[PDB]
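See below for the structure under consideration.
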Amino acid sequence: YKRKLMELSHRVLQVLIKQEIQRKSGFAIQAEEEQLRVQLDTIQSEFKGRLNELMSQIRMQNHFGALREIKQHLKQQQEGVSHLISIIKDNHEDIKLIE
Amino acid sequence: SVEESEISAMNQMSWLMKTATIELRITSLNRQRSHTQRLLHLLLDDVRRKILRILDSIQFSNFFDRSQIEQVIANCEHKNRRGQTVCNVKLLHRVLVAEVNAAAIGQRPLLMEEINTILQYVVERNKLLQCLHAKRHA
């Protein structure tokens with residue numbers, strides 16, 4: 001269903017673009033609109049290579065796949081965090097009363 | 001570039017500039033890039049660059065008692081439309097023929113030729129002035 005959501009999202013966007021094209025043509029797409037479009041072109045200018053690199057490194061890692069005393073400190077940390085959470089909710093309720 | 005009608009070609013190119021200026025003011029007040037880019041490219045892309053030749057085209061150089069003739073010429077100078085300090089040869093000719101018309105008969109032709117000379121002086125002077133304010137606007 002989620003894959004259907006994304007593909008239909010592309011479909012919605014594309015029919016929308018065809019609707020913003022077919023009618024709105026006619027020597028009117030101008031100052032504010034052209035400004036937005038130029039900003040967008042600049043955006044598309046402003047990575048894909050680093051992303052290819054990361055996909056590659058992940059391919060490498062993927063194929064490459066193909067401490068008693070510490071738990072005490074971990075318990076200390078988790079207990080402290082549980083202690084703080086309640087005071088946080090307390091601040092929330094006090095502010096709400098302030099509202 | 002008008003060899004024979006230089007003053008016109010001047011005043012033309014001048015007001016043409018003034019137009020282009022108010023235009024670029026508005027256009028930058030909102031937006032455009034292309035036309036600006038093309039004017040620039042033709043103005044600088046390597047041929048003397050255009051605006052340079054345009055600069056290169058504006059050329060920067062420029063019986064009667066004499067002193068009273070100079071005073072009379074000075075009274076016939078009007079600031080022409082462009083601030084050209086021109087010697088109006090029509091008024092100078094009128095006043096000079098007037099001074100002639102107002103021993104006197106035998107030197108009438110001499111004073112007449114003197115008046116025509118004063119007029120030609122006023123005329124070349126007005127022309128100089130014109131060209132001056134012309135290069136000024138340029």
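Numbering starts fresh at 1 for the residues of each chain in the structure tokens, the chains themselves are lettered A, B, ... in the order given, and ligands are numbered from 1 as they appear.
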
When you get a sec, could you note down which chain A residues fall within 10 Å of chain B, using only C-alpha atoms, as a VMD selection string?
-> chain A and resid 31 to 32 34 to 35

Output file for the residues above (C-alpha atoms, as a tab-separated table (two decimals), in the first residue's frame):
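The file below, part_9.tsv, is the result:
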```tsv
chain	number	residue	atom	x	y	z
A	31	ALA	CA	6.87	38.06	-12.93
A	32	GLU	CA	6.02	36.28	-9.67
A	34	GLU	CA	8.82	33.29	-13.42
A	35	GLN	CA	10.62	34.36	-10.25
```

If we count only C-alpha atoms, what is near residue 57 (chain B) at a cut-off of 12 Å, once residues fewer than 6 positions away on the same chain are taken out, given as a PyMOL selection string?
-> chain B and resi 1-3+6+9-10+13+48+50-51+135+138

Could you turn the residues from that selection into a file that holds N, CA, C and O atoms, as a PDB file, in the first residue's frame?
```pdb
ATOM      1  N   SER B   1      26.131  57.707 -37.013  1.00  0.00           N
ATOM      2  CA  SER B   1      27.277  58.452 -37.517  1.00  0.00           C
ATOM      3  C   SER B   1      26.816  59.187 -38.768  1.00  0.00           C
ATOM      4  O   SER B   1      26.760  58.608 -39.853  1.00  0.00           O
ATOM      5  N   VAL B   2      26.478  60.462 -38.614  1.00  0.00           N
ATOM      6  CA  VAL B   2      25.988  61.284 -39.710  1.00  0.00           C
ATOM      7  C   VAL B   2      27.043  62.336 -39.998  1.00  0.00           C
ATOM      8  O   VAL B   2      27.239  63.264 -39.202  1.00  0.00           O
ATOM      9  N   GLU B   3      27.723  62.191 -41.137  1.00  0.00           N
ATOM     10  CA  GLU B   3      28.720  63.176 -41.531  1.00  0.00           C
ATOM     11  C   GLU B   3      28.082  64.530 -41.804  1.00  0.00           C
ATOM     12  O   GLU B   3      28.623  65.566 -41.399  1.00  0.00           O
ATOM     13  N   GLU B   6      25.414  65.894 -38.373  1.00  0.00           N
ATOM     14  CA  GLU B   6      26.006  65.441 -37.127  1.00  0.00           C
ATOM     15  C   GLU B   6      25.180  65.856 -35.922  1.00  0.00           C
ATOM     16  O   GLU B   6      24.953  65.038 -35.026  1.00  0.00           O
ATOM     17  N   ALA B   9      22.117  63.410 -35.579  1.00  0.00           N
ATOM     18  CA  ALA B   9      22.566  62.100 -35.127  1.00  0.00           C
ATOM     19  C   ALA B   9      22.933  62.137 -33.659  1.00  0.00           C
ATOM     20  O   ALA B   9      22.611  61.213 -32.901  1.00  0.00           O
ATOM     21  N   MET B  10      23.538  63.239 -33.231  1.00  0.00           N
ATOM     22  CA  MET B  10      23.800  63.411 -31.817  1.00  0.00           C
ATOM     23  C   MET B  10      22.508  63.407 -31.026  1.00  0.00           C
ATOM     24  O   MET B  10      22.215  62.428 -30.332  1.00  0.00           O
ATOM     25  N   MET B  13      20.817  59.997 -30.881  1.00  0.00           N
ATOM     26  CA  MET B  13      21.460  59.018 -30.015  1.00  0.00           C
ATOM     27  C   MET B  13      21.302  59.395 -28.551  1.00  0.00           C
ATOM     28  O   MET B  13      21.126  58.525 -27.695  1.00  0.00           O
ATOM     29  N   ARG B  48      37.194  46.210 -31.276  1.00  0.00           N
ATOM     30  CA  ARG B  48      36.862  47.140 -30.213  1.00  0.00           C
ATOM     31  C   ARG B  48      35.470  46.834 -29.697  1.00  0.00           C
ATOM     32  O   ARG B  48      34.511  46.798 -30.469  1.00  0.00           O
ATOM     33  N   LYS B  50      31.849  47.176 -28.216  1.00  0.00           N
ATOM     34  CA  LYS B  50      30.914  48.117 -28.821  1.00  0.00           C
ATOM     35  C   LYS B  50      30.908  49.453 -28.094  1.00  0.00           C
ATOM     36  O   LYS B  50      31.247  50.483 -28.682  1.00  0.00           O
ATOM     37  N   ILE B  51      30.533  49.453 -26.814  1.00  0.00           N
ATOM     38  CA  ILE B  51      30.471  50.701 -26.063  1.00  0.00           C
ATOM     39  C   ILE B  51      31.790  51.443 -26.162  1.00  0.00           C
ATOM     40  O   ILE B  51      31.829  52.677 -26.126  1.00  0.00           O
ATOM     41  N   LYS B 135      27.971  67.138 -28.126  1.00  0.00           N
ATOM     42  CA  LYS B 135      28.921  66.250 -27.472  1.00  0.00           C
ATOM     43  C   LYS B 135      28.661  66.204 -25.975  1.00  0.00           C
ATOM     44  O   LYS B 135      28.950  65.202 -25.317  1.00  0.00           O
ATOM     45  N   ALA B 138      26.034  63.813 -25.562  1.00  0.00           N
ATOM     46  CA  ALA B 138      26.614  62.536 -25.962  1.00  0.00           C
ATOM     47  C   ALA B 138      27.369  61.898 -24.810  1.00  0.00           C
ATOM     48  O   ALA B 138      27.149  60.727 -24.468  1.00  0.00           O
TER      49      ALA B 138
END
```

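With CA of residue 132 (chain B) on one side and CA of residue 19 (chain B) on the other, the separation reads 21.7 Å.
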
Excluding residue 70 (chain B) and any residue of its chain fewer than 2 positions from it, enumerate the residues within 12 Å of it, using only C-alpha atoms, and give them as a count of residues only.
-> 18

Neighbours of residue 115 (chain B) within 10 Å (only C-alpha atoms; same-chain residues fewer than 4 positions away dropped), as a list in words?
-> residues 63, 64, 69, 92, 93, 94, 95, 96, 97, 98, 99, 100, 109, 110, 111, 119, 120 and 121 of chain B

Would you export the selected residues with N, CA, C and O atoms as an mmCIF file, in the first residue's frame, please?
```
data_model
loop_
_atom_site.group_PDB
_atom_site.id
_atom_site.type_symbol
_atom_site.label_atom_id
_atom_site.label_comp_id
_atom_site.auth_asym_id
_atom_site.auth_seq_id
_atom_site.Cartn_x
_atom_site.Cartn_y
_atom_site.Cartn_z
ATOM 1 N N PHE B 63 35.548 97.498 -41.621
ATOM 2 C CA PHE B 63 34.913 98.772 -41.323
ATOM 3 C C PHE B 63 34.364 98.797 -39.898
ATOM 4 O O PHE B 63 33.819 99.809 -39.458
ATOM 5 N N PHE B 64 34.526 97.692 -39.173
ATOM 6 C CA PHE B 64 33.934 97.526 -37.853
ATOM 7 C C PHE B 64 34.996 97.556 -36.762
ATOM 8 O O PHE B 64 36.073 96.971 -36.910
ATOM 9 N N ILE B 69 32.096 94.877 -32.037
ATOM 10 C CA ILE B 69 31.578 93.719 -32.754
ATOM 11 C C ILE B 69 31.473 92.527 -31.816
ATOM 12 O O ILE B 69 30.505 91.762 -31.867
ATOM 13 N N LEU B 92 21.813 88.636 -35.411
ATOM 14 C CA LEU B 92 23.019 89.414 -35.678
ATOM 15 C C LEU B 92 22.972 90.039 -37.069
ATOM 16 O O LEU B 92 23.355 91.200 -37.246
ATOM 17 N N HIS B 93 22.482 89.294 -38.061
ATOM 18 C CA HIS B 93 22.353 89.837 -39.410
ATOM 19 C C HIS B 93 21.330 90.962 -39.457
ATOM 20 O O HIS B 93 21.563 91.997 -40.093
ATOM 21 N N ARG B 94 20.180 90.769 -38.805
ATOM 22 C CA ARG B 94 19.168 91.818 -38.757
ATOM 23 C C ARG B 94 19.730 93.092 -38.140
ATOM 24 O O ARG B 94 19.623 94.177 -38.723
ATOM 25 N N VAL B 95 20.363 92.972 -36.970
ATOM 26 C CA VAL B 95 20.873 94.151 -36.273
ATOM 27 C C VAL B 95 22.024 94.785 -37.046
ATOM 28 O O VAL B 95 22.202 96.008 -37.023
ATOM 29 N N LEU B 96 22.813 93.977 -37.762
ATOM 30 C CA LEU B 96 23.939 94.528 -38.507
ATOM 31 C C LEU B 96 23.475 95.279 -39.752
ATOM 32 O O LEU B 96 23.962 96.382 -40.036
ATOM 33 N N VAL B 97 22.535 94.702 -40.501
ATOM 34 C CA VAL B 97 21.919 95.444 -41.592
ATOM 35 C C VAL B 97 21.232 96.694 -41.056
ATOM 36 O O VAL B 97 21.172 97.726 -41.734
ATOM 37 N N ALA B 98 20.719 96.630 -39.823
ATOM 38 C CA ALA B 98 20.089 97.800 -39.223
ATOM 39 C C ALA B 98 21.109 98.892 -38.931
ATOM 40 O O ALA B 98 20.841 100.079 -39.147
ATOM 41 N N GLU B 99 22.278 98.510 -38.419
ATOM 42 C CA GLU B 99 23.316 99.497 -38.141
ATOM 43 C C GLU B 99 23.873 100.070 -39.434
ATOM 44 O O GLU B 99 24.331 101.217 -39.467
ATOM 45 N N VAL B 100 23.849 99.279 -40.505
ATOM 46 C CA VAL B 100 24.269 99.794 -41.804
ATOM 47 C C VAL B 100 23.257 100.803 -42.334
ATOM 48 O O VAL B 100 23.626 101.882 -42.812
ATOM 49 N N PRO B 109 28.589 99.614 -49.269
ATOM 50 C CA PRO B 109 28.946 98.214 -49.553
ATOM 51 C C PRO B 109 29.967 97.641 -48.581
ATOM 52 O O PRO B 109 29.898 96.453 -48.238
ATOM 53 N N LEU B 110 30.922 98.458 -48.128
ATOM 54 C CA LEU B 110 31.913 97.971 -47.174
ATOM 55 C C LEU B 110 31.255 97.565 -45.863
ATOM 56 O O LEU B 110 31.525 96.479 -45.337
ATOM 57 N N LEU B 111 30.385 98.421 -45.325
ATOM 58 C CA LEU B 111 29.676 98.073 -44.100
ATOM 59 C C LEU B 111 28.767 96.872 -44.316
ATOM 60 O O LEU B 111 28.576 96.064 -43.403
ATOM 61 N N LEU B 119 27.913 88.222 -39.449
ATOM 62 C CA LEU B 119 26.873 87.204 -39.441
ATOM 63 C C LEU B 119 27.462 85.811 -39.604
ATOM 64 O O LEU B 119 27.059 84.877 -38.906
ATOM 65 N N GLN B 120 28.395 85.645 -40.543
ATOM 66 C CA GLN B 120 29.032 84.345 -40.722
ATOM 67 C C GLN B 120 29.791 83.938 -39.471
ATOM 68 O O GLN B 120 29.832 82.754 -39.113
ATOM 69 N N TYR B 121 30.406 84.910 -38.797
ATOM 70 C CA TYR B 121 31.044 84.629 -37.521
ATOM 71 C C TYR B 121 30.028 84.121 -36.509
ATOM 72 O O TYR B 121 30.252 83.097 -35.853
#
```
